[PDB]
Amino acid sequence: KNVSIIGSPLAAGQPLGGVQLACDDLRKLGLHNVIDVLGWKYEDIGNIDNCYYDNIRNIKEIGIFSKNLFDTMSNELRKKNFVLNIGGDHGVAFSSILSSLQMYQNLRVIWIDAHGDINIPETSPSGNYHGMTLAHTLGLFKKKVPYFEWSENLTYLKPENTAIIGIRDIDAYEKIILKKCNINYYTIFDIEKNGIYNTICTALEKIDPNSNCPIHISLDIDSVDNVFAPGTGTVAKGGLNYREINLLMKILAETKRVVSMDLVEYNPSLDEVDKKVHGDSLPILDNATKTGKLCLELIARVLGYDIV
């Protein structure tokens, strides 16, 4: 029960600043106290400091940041600690997943997101890297990426070993890429049809039929409906509700196989208050903004926090 905390305040994968503030905000709201009360020990590593495609915005900053995160996380993973990577925008998942994958070759990835993040640079409508991160991680890029030379000999994630859950806002080209690469995906309609519980069980059975693989959770908070998670940059209607996202994290915790996790796209500057109700019982700052509080609660779930 040891967790390494890595702050990855990268904001270069998308237009806005805001997400660079997420790591320190969650600490301020009570990350350490929450981990403590759940009976885990932590080591907080602090924050990461900071022929070719030519159409990815801010790629130099992203590439240089990613090398640093990769090296730092590799070192934490070797301790056999659970590693919690707090973004930052979703661009931080590249180094997170690949570092975990080099150590855990049979890693299975659960990517929880309103979006596919599976554009390649030639299909992206925005040129924003956080909308391409999963495609990059899956080895789908067709040319070299500036400032990513350090990554060129790594083993990439396989689509059949990945499940994307919660998606509802996919670009025209992404729809094609999604079907073509044969990744396992579960849309909000699948969830409405079958329920979140059946959905995650189906996904886990599909990617880990023998229930014996390490799991990495990459959680984009915009998977959650805006009613509960307004503090995020790219909102899509009809998201996971409060009960659903909490249950999803609980079920993943109960596998006992989660080895690493990203929590990304939390933007405190866009967050709002309820605020404080009696049910906010975790040692989280009274009256905290609701998305930040939800992030801490979902981290608690992964660490075993349960109702009874």
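So that there is no doubt, residue numbering starts at 1 and follows the sequence shown.
### Message
Are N50 and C51 truly consecutive in the deposited sequence, or are residues between them missing coordinates? Give the number as none, 1 to 3, 4 to 9, or 10 or more.
### Response
Going from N50 to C51, the model skips 10 or more residues of the deposited sequence.
### Task
Determine, for stretches 54 to 62 and 241 to 249, which one has the higher mean CA B-factor as deposited.
The stretch with the larger mean CA B-factor is 54 to 62.
### Task
Could you settle it for me: does 73 to 81 or 171 to 179 have the higher average Cα B factor in the PDB entry?
Comparing 73 to 81 with 171 to 179, the higher average CA B-factor belongs to 171 to 179.
#### Entry: Out of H115, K193, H216, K143, highest CA B-factor residue
That would be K143.
#### Entry: Deposited CA B-factor, highest of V109, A236, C201, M103
Comparing C-alpha B-factors across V109, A236, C201, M103, the maximum falls on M103.
### Query
If you rank every modelled residue in this chain by C-alpha B factor, which third holds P268: lowest, middle or highest?
It belongs to the lowest third of the chain when residues are ordered by C-alpha B-factor.
### Query
Taking the entry's C-alpha B-factors for this chain, is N161 in the lowest, middle or highest third?
Within its chain, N161 is a lowest-third residue by C-alpha B-factor, going by the deposited values.
### Query
So where's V37 on the chain's Cα temperature factor ranking, which third?
Highest third - that is where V37 ends up once the chain's C-alpha B-factors are sorted.
### Message
Ranking every modelled residue in this chain by its Cα temperature factor as given in the entry, which third contains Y186?
### Response
Its C-alpha B-factor belongs to the lowest third of this chain's values.
### Message
Splitting the chain's C-alpha B-factors into thirds, which one does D262 fall into?
### Response
Tercile = lowest for this residue's CA B-factor.
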